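Some notes on the structure that comes next.
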Amino acid sequence: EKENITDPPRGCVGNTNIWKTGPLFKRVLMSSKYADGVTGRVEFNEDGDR
Amino acid sequence: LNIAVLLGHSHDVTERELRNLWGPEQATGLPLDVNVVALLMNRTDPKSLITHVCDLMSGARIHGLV
Amino acid sequence: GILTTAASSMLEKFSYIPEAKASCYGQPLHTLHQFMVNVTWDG
Amino acid sequence: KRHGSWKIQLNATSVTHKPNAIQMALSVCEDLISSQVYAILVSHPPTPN
Ligand SMILES: *[C@@H]1O[C@H](CO)[C@@H](O)[C@H](O)[C@H]1NC(C)=O
Ligand SMILES: *[C@@H]1O[C@H](CO)[C@@H](O)[C@H](O)[C@H]1NC(C)=O
Ligand SMILES: *[C@@H]1O[C@H](CO)[C@@H](O)[C@H](O)[C@H]1NC(C)=O
Ligand SMILES: *[C@@H]1O[C@H](CO)[C@@H](O)[C@H](O)[C@H]1NC(C)=O
Ligand SMILES: *[C@@H]1O[C@H](CO)[C@@H](O)[C@H](O)[C@H]1NC(C)=O
């Protein structure tokens with residue numbers, strides 16, 4: 001939705017070009033608020049757990 | 001013992017002074033089969049770190065990594 | 001210097017302190033972790 | 001199905017058991033960094049180690 005497309009490059013050959021949206025997509029992991037799931041209502045807390 | 005010493009790319013340090021930093025030094029050398037292997041690296045990746053660790057561990061029983 | 005000091009002062013206790021692993025593929029007792037708590041090199 | 005009509009696609013890659021634990025992450029790195037993956041999930045209870 002909010003574009004900012006960053007890609008993890010091929011670090012196997014001499015690359016330390018870090019991925020910029022590392023924490024930011026982790027923010028997407030922190031704000032992954034859902035309610036659909038066979039296990040139940042899946043939602044991540046401040047600890048990143050169920 | 002056999003100790004491998006590898007470095008990155010900073011400080012422009014070449015390799016021969018690393019050979020000579022061990023040789024005339026260690027006056028009180030009590031173990032006999034002590035040898036250093038001074039190497040460098042052309043990359044900055046953990047892939048080559050895994051590769052050179054698995055090659056130097058098989059490389060005549062290296063017991064030290066720096 | 002610390003590595004050679006540890007190998008020298010641990011050689012006097014047990015002989016075959018060098019105990020390396022053969023290869024990473026295809027899957028010890030005397031270590032220096034409990035030995036170099038305190039060591040001295042060149043003062 | 002329900003995630004719009006954008007031209008994004010998906011590809012699957014799953015790596016299996018190796019008895020040596022270093023070569024596990026070795027197969028992972030050379031098979032997924034070259035694949036440019038975005039998430040990594042491990043689902044192995046029945047290991048003897
Ligand atoms: C994307 O992120 C950059 C900073 O990395 C920022 O300058 C830019 O405004 C962002 N674009 C938007 C608004 O999505
Ligand atoms: C957890 O509890 C309910 C109880 O009926 C269960 O049906 C469902 O699997 C779970 N739902 C939620 C709220 O996660
Ligand atoms: C230079 O890089 C190549 C490729 O990894 C390697 O084979 C060679 O040993 C490297 N040389 C040094 C001294 O780092
Ligand atoms: C380390 O210090 C302890 C006392 O804290 C001492 O007993 C011991 O001799 C020292 N280590 C050596 C030289 O073995
Ligand atoms: C897509 O996945 C298949 C099976 O895992 C793999 O063989 C292929 O290299 C992947 N990449 C492409 C070309 O999309």
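Labeling convention for the structure tokens: chains A, B, ... as they appear, residues from 1 per chain, ligands from 1 in order of appearance.
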Exercise answer, 9 Å around ligand 5 with only C-alpha atoms and all ligand atoms, as a PyMOL selection string = chain D and resi 10-14+35
Write out as a ChimeraX atom specification all residues of chain A that DSSP puts in alpha helix (DSSP H) for this structure's backbone.
-> /A:22-30
Neighbours of residue 19 in chain B within 10 Å (only C-alpha atoms; same-chain residues fewer than 5 positions away dropped), as a list in words?
->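 Once the adjacent positions are removed, what remains is residues 14, 24, 36, 37, 38 and 39 of chain B.
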Residue 33 in chain A: which residues within 12 Å, counting only C-alpha atoms, same-chain residues fewer than 2 positions away excluded, as a list in words?
->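 Result of the neighbour search: residues 27, 28, 29, 30, 31, 35, 36, 37, 41, 42, 43, 44, 45, 46, 48, 49 and 50 of chain A.
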Interface list for chain A, partner chain D, 9 Å threshold, only C-alpha atoms, as a list in words =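 Every residue meeting the condition is included here: residues 7, 8, 9, 10, 11 and 12 of chain A.
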Next, dump the selected residues to file, keeping only N, CA and C atoms, as a short mmCIF file (atom, residue, chain, number, x, y, z; two decimals), in the first residue's frame.
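The result, written out as again.cif:
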```cif
data_model
loop_
_atom_site.label_atom_id
_atom_site.label_comp_id
_atom_site.auth_asym_id
_atom_site.auth_seq_id
_atom_site.Cartn_x
_atom_site.Cartn_y
_atom_site.Cartn_z
N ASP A 7 14.51 -4.37 -1.48
CA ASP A 7 14.74 -5.78 -1.74
C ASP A 7 16.06 -6.20 -1.10
N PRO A 8 16.09 -7.31 -0.37
CA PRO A 8 17.36 -7.85 0.12
C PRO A 8 18.20 -8.37 -1.02
N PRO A 9 19.39 -7.80 -1.24
CA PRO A 9 20.20 -8.18 -2.40
C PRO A 9 20.92 -9.51 -2.16
N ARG A 10 21.72 -9.90 -3.15
CA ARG A 10 22.49 -11.13 -3.08
C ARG A 10 23.73 -10.87 -2.23
N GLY A 11 23.61 -11.13 -0.93
CA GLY A 11 24.73 -10.96 -0.02
C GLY A 11 25.75 -12.08 -0.07
N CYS A 12 25.53 -13.10 -0.90
CA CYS A 12 26.45 -14.23 -0.97
C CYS A 12 27.76 -13.88 -1.67
#
```
Please determine the contact residues of chain D with respect to chain C at a cut-off of 12 Å, counting only C-alpha atoms, and supply them as a VMD selection string.
-> chain D and resid 18 to 24 26 49
Only N, CA, C and O atoms, please: the residues just picked out, written as a short mmCIF file (atom, residue, chain, number, x, y, z; two decimals), in the first residue's frame.
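The resulting file, part.cif, is shown below:
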```
data_model
loop_
_atom_site.label_atom_id
_atom_site.label_comp_id
_atom_site.auth_asym_id
_atom_site.auth_seq_id
_atom_site.Cartn_x
_atom_site.Cartn_y
_atom_site.Cartn_z
N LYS D 18 19.05 -31.98 6.83
CA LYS D 18 20.43 -32.42 6.74
C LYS D 18 20.90 -32.83 8.13
O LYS D 18 20.54 -32.18 9.11
N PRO D 19 21.68 -33.91 8.24
CA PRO D 19 22.12 -34.34 9.58
C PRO D 19 23.11 -33.39 10.22
O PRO D 19 23.15 -33.27 11.45
N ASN D 20 23.92 -32.70 9.42
CA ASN D 20 24.85 -31.71 9.93
C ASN D 20 24.20 -30.34 10.03
O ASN D 20 23.58 -29.85 9.08
N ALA D 21 24.33 -29.71 11.20
CA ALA D 21 23.61 -28.49 11.52
C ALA D 21 24.19 -27.25 10.86
O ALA D 21 23.46 -26.27 10.65
N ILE D 22 25.48 -27.26 10.53
CA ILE D 22 26.08 -26.13 9.83
C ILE D 22 25.60 -26.10 8.39
O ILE D 22 25.23 -25.04 7.86
N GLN D 23 25.56 -27.26 7.75
CA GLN D 23 25.13 -27.37 6.36
C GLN D 23 23.64 -27.13 6.19
O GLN D 23 23.22 -26.84 5.07
N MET D 24 22.85 -27.24 7.26
CA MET D 24 21.47 -26.76 7.25
C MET D 24 21.41 -25.28 6.88
O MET D 24 20.82 -24.91 5.86
N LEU D 26 23.82 -23.52 5.77
CA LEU D 26 24.52 -23.33 4.49
C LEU D 26 23.57 -23.53 3.31
O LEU D 26 23.54 -22.70 2.39
N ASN D 49 18.21 -34.52 17.72
CA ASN D 49 18.95 -33.55 18.51
C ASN D 49 17.96 -32.63 19.21
O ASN D 49 17.23 -31.88 18.55
#
```
In Å to one decimal, how far is CA of residue 15 in chain A from CA of residue 41 in chain B?
-> 13.3 Å
Return as a PyMOL selection string the residues of protein, DNA or RNA that approach ligand 1 to within 12 Å, with only C-alpha atoms and all ligand atoms taken into account.
-> chain A and resi 1-6+19-25
Show me which residues sit within 10 Å of ligand 3 when counting only C-alpha atoms and all ligand atoms, and put them as a list in words.
->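 Based on only C-alpha atoms and all ligand atoms, ligand 3 is surrounded within 10 Å by residues 13 and 14 of chain A; 6, 7, 8, 9, 14, 15, 38, 39, 40, 41, 42, 43, 48, 51 and 52 of chain B.
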Could you write out the selected residues, including C-alpha atoms, as a PDB file, in the first residue's frame?
```pdb
ATOM      1  CA  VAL A  13      28.984 -12.399  -3.194  1.00  0.00           C
ATOM      2  CA  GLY A  14      30.701  -9.572  -1.298  1.00  0.00           C
TER       3      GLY A  14
ATOM      4  CA  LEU B   6      42.431 -13.450   8.606  1.00  0.00           C
ATOM      5  CA  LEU B   7      41.467  -9.791   8.258  1.00  0.00           C
ATOM      6  CA  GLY B   8      39.034  -7.564   6.404  1.00  0.00           C
ATOM      7  CA  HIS B   9      39.938  -4.540   4.283  1.00  0.00           C
ATOM      8  CA  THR B  14      49.410  -6.134   3.988  1.00  0.00           C
ATOM      9  CA  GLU B  15      50.329  -9.742   4.739  1.00  0.00           C
ATOM     10  CA  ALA B  38      48.173 -15.271   7.950  1.00  0.00           C
ATOM     11  CA  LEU B  39      45.505 -14.781   5.285  1.00  0.00           C
ATOM     12  CA  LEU B  40      43.323 -12.018   3.856  1.00  0.00           C
ATOM     13  CA  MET B  41      39.897 -11.846   2.235  1.00  0.00           C
ATOM     14  CA  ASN B  42      38.600 -10.354  -1.012  1.00  0.00           C
ATOM     15  CA  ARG B  43      34.954 -10.284   0.160  1.00  0.00           C
ATOM     16  CA  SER B  48      33.020 -17.184   2.592  1.00  0.00           C
ATOM     17  CA  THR B  51      33.583 -21.799   3.588  1.00  0.00           C
ATOM     18  CA  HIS B  52      37.007 -20.776   4.893  1.00  0.00           C
TER      19      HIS B  52
END
```
Work out how far atom 13 (C, counted along the ligand's line) of ligand 4 is from CA of residue 31 in chain C, in Å to one decimal.
->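 These two atoms are separated by 16.2 Å.
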Tell me the residues of chain B close to chain D, meaning within 10 Å using only C-alpha atoms, as a list in words.
->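 Output check: residues 46, 47, 50, 51 and 54 of chain B.
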8 Å shell around ligand 4 using only C-alpha atoms and all ligand atoms, listed as a count of residues only = 5
Go through B:30, B:18, B:59, B:10 one by one, measure the shortest atom-to-atom distance of each to chain C using only C-alpha atoms, and give the residue with the smallest value.
->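 Distance minimum relative to chain C lands on B:30.
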